[PDB]
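Take a look at this single chain in structure tokens; it is the form deposited in one PDB entry.
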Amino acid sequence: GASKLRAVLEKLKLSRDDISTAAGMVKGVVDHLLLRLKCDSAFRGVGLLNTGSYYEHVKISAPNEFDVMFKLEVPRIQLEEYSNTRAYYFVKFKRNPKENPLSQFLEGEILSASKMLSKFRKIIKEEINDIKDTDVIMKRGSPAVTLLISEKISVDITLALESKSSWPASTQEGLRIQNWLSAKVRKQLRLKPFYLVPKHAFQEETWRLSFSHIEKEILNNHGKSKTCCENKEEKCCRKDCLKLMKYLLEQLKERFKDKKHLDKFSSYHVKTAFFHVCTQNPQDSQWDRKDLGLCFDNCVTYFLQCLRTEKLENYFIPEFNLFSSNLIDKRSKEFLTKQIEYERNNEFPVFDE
């Protein structure tokens, strides 16, 4: 039961040295790309967005797949929602007080995502070739660039517009942490900046809202108690449940590699469902380390329900469905529903040794 879950968690620890060295290779490549993008007039205010756990700017998305975000401070930014999508926006500038460094990417009033991505991709592709003394290649809206380091490690590089303004209206009912992390913490988190990433909706100049930077703020300060996991009397299994849910999807994805039916599912879907389970189970006593087996079942059941009902609300944008047929086809969801159902009813044979 939970002894099998705990053995899985022990096994995961053994691949820590390999993830850390890969993250170090990622950190080096990313830091060189930063100095070159800073030379460019359009990207001088660019910087590494702190989202990860490995050297601040390196987020792990799969065994050897890293996600790195570059942020660009964009002041006096006005947003216009694209046709009731709630997550996709056209990007404009308030009222021309002085000619901005991003004026080259303008298309009327709207700032062009593909035009900025083109210069971003062109500066990036240059650093791989100009300094060929490194072992990097390009492989293919956002992630903007996928870099393959020594034919093994892949880094997804995302360009993000930074906005220090109030969060859009579509997020008003999102981040439902009040009963768990408090209204005080919800208020404080909503004062932090938000990001826009050039993800296409069909192919246009829309930008998707991104709250990836908020994850580290909650994952590492996850309890109702401020001292949750800071002493021996307060040990919860929230982080372990998230690792097991990610592990579960990774193992299922690899097992169905022959027909690739699970290709569309990602750790982002698992994290979103995990964080909805934290909202439903707000007390630290609902995540006692001794109750690992039940807490994991709570996570799997909720994820199963999302799949079956074909609905997984974005944690920040409740009217944005990550599981709509627009994003993931009916057959793929029905397929994962069956696999997760079997795994749950059979005490997770995919975790067997």
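All residue numbers refer to positions in the sequence shown, first residue = 1. Between two forms, the rigid core is the largest collection of C-alphas that superpose within 1.5 Å.
One more form of this protein, deposited in another entry, exists but is not displayed; see below.
Enquirer: Quick one: core overlaid, is residue 192 moving 2 Å or more at the Cα between this form and the one not shown?
Expert: No: residue 192 shifts by under 2 Å between this form and the one not shown.
Enquirer: After superposition on the rigid core, does the Cα atom of residue 340 shift by at least 2 Å between this form and the one not shown?
Expert: It does not reach a 2 Å shift.
Enquirer: Superposing on the rigid core, does the Cα of residue 122 end up 2 Å or more away between this form and the one not shown?
Expert: Stays below the 2 Å threshold, so no.
Enquirer: Just to spell it out: taking the C-alpha atom of residue 60 and the C-alpha atom of residue 290, is that distance smaller or larger in that other deposited form than in the structure shown here, given it changes by 3 Å or more?
Expert: Between the C-alphas of residue 290 and residue 60, the gap narrows in that other deposited form (3 Å or more compared with this form).
Enquirer: Closer or farther: how do the Cα atoms of residue 61 and residue 158 compare in that other deposited form versus the shown form, where the change is at least 3 Å?
Expert: Farther apart in that other deposited form, by 3 Å or more.
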